[PDB]
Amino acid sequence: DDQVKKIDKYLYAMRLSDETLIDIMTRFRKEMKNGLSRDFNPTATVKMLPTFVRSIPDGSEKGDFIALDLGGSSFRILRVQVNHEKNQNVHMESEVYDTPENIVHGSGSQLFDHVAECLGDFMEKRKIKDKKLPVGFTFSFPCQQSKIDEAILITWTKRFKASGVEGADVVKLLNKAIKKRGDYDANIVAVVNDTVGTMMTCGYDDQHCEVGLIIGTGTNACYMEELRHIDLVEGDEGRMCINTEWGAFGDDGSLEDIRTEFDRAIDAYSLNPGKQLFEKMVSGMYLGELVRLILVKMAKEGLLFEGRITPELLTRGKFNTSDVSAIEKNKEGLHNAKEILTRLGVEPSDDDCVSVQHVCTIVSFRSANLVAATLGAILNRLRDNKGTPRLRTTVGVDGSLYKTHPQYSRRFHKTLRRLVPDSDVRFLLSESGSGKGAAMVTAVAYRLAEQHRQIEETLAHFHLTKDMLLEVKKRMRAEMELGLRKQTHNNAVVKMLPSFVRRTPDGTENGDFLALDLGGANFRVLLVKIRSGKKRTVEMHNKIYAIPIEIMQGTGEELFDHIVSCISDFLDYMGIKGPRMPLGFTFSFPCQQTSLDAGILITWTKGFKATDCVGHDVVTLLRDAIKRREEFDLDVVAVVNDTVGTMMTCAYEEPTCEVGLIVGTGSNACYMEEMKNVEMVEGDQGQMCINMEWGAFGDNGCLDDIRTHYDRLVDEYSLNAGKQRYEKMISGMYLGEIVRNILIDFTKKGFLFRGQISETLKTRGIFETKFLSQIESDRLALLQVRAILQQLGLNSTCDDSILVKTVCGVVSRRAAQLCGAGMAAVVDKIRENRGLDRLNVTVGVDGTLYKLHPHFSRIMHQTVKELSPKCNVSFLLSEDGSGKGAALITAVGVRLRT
């Protein structure tokens, strides 16, 4: 009773109470929250690192893996087969590799060369060098991880201290060392902390396992947190294992009232002074040394060995944690004490043995009590997250100390259960080591890496390099030349059609005009009033009319009768009476014009297919339909492409506007060409607006090297298969179908929607590009991308939505770069043709995809700037539509009759 009582007094501060433990538990509860917070994380001592392991095993894991295990008391390499054969969950084989102090304390290169070598030897011996076994790495040190296959070493701890590793991705260093060998290939697909491996190993057996605990060389814990509490990981969806790195608790000085002189001593002479302070009161690397420091002070005070002090006793590290364990054994402890102390150079008495045993008890029990306190905090946190009165959970544990001390685990469990009386906790020893667990992570990581690889390979076909874009630019220029030249115009796919509009607005136009706008999303009839002079004005009125697909694809007589019926209506709607008014017809299809007011339809594009129209003058068609109605009369003065109307609308105010662009249902462009270059039109004086009909670029195969399997599909299922190829990679009518076809392929490969091709995904048109703009600028819940995808009819996961958003982006980005390259050809032709060093030019633009898409216009302007650097291009969106410009065209037309 005496001795122990006095020893209790001497080490009174090492013998913590339940009140103190509860205090410590509450301090740890607060550090966990700081760790997880985006505000305090940078200055949190308990790092709460995301591990990217979002579940314990589910039973679907299967494969043949290699697992490395570095950082604990032994460096191990294992080959782990999981459900690789029926009636054998797991099968394991292992090897320990001697890794002396000079490697652990030397250079990083030397360290990772050593790991690569042992891995080589391991594969060599088992002849598995060609099996392509995915590798998992258990690396028990704090790491910064943004994905499962990256591990940026934050700080060395425990016995390791190799230069050049802190701040480096150890996957990359390990890859580098293996490459240097040149002996074999190794696919490192996952890195995990040993706490995480333990949790996964135990989780494979028990589905209630939510915590991984190590009490070995060092100490740490991981547990399953809710994504909504993990501020540094995007998403509020589900759970993710957090590696607490609890050894660093108190590094800021918050446990200074618990720490003793002994703690301070061991810390000051360790490899990492002032770091991992909590761990230094708890783990196997330090307990023996704490005991030795206490025995030295006691000896010095003549409380032990009659003051005898040997140099062996004074040698740091000479009394290890194994000695503590031996000494605390029930029957042989005192005897072991005797032998152990006898070897210290002393001649310990029997009382000395009892005293030393008690010092070992106090040190090892304080450790157990401390870990109980911190684990209690994690258990309370889980209980709060689950929201129930009682907590049922399994803690998987590993570590030499916990496995070999004769009393520790018992005492730790007891105290833990006392401190968290609301929990029903099971402790499951991890008898197979971290490797089994690592393998389970590895299996999942490997499966996902294979899916990502295939998705990337598919999407890479849509990526266009700058050089590729410069080549598209070059080809567009080449086709422009072909269409403008007499010799080659007839077999040129980019027709370069004269519009018979020879100048931009001169400011004198004025009058009241009617105009039609046919071919885009909305058919419209307009009334436009233009007034010049002191303060010019334009006044416009319009009405949209529907054109059912049966009339768009019925007979020309029916289509024009419909147009005439809508004009009739609009005249009544506006109260237009009096003499026949001039009218400008914007008809957005390729026409061969012989004059402003004559235009023979060359082919239908987009969704129109009315019969007896192709090869007819559409002004004549309109004129005929007005005569059939025999009511109003009209003076059709002009037939105009929408590109050309758009340009004129923008050039009303901008003298630099000499280009028109449409990116809506279809895509096309127009620009002012010099008459000397327009060889299909007699005259070499002045300019002429040319309707490129650029949609058809590629119809001769010139873009076959960039069209993908999905482009081919869209064209093959289209109304005009083989035609308008360039347009089909850019415009509104087509991007949605490119996306849809990519989604279907990914769903069949099992990368999206659970492998379910929902009858509405199999339905063409459903990926409207209306929803393409919507999906491409979202929320963070992507809760937006969900209602879009569900309304139609599938059921996303947040992983799902993401993929859908990425696919959309790849398609729209390529569309805008393609569009850019064509525009880069047009402005550099204008520049180069006028002999200028730089060209300041405005492009009047319109179209629904251009107007509504969040990134199209930006990406496209950037491309133009990169591909034609000596041109400074301003893109001005029309507010008014083609109407103001069709009216201006009509005014000049009237004027030119006189």
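Don't overthink the numbering: it's just position in the shown sequence, from 1.
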item	value
Which of 294-302 and 803-811 has higher mean CA B factor, as the PDB entry lists it	294-302
Selected stretch [higher average CA B-factor]: 878-886 or 18-26	878-886
Residue with highest C-alpha B-factor in the PDB entry, from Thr656, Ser430, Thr415, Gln790	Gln790
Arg76, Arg426, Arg786, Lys158, ranked by C-alpha B-factor: the highest one	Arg786
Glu61 - Cα temperature factor, lowest/middle/highest third of chain	highest
CA B-factor ranking of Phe365, expressed as a third of its chain	lowest
For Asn833, the third of its chain into which the C-alpha B factor falls	highest
Record-listed C-alpha B factor of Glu166: chain third	middle
Entry-reported Cα temperature factor of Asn522, expressed as the chain third it lands in	highest
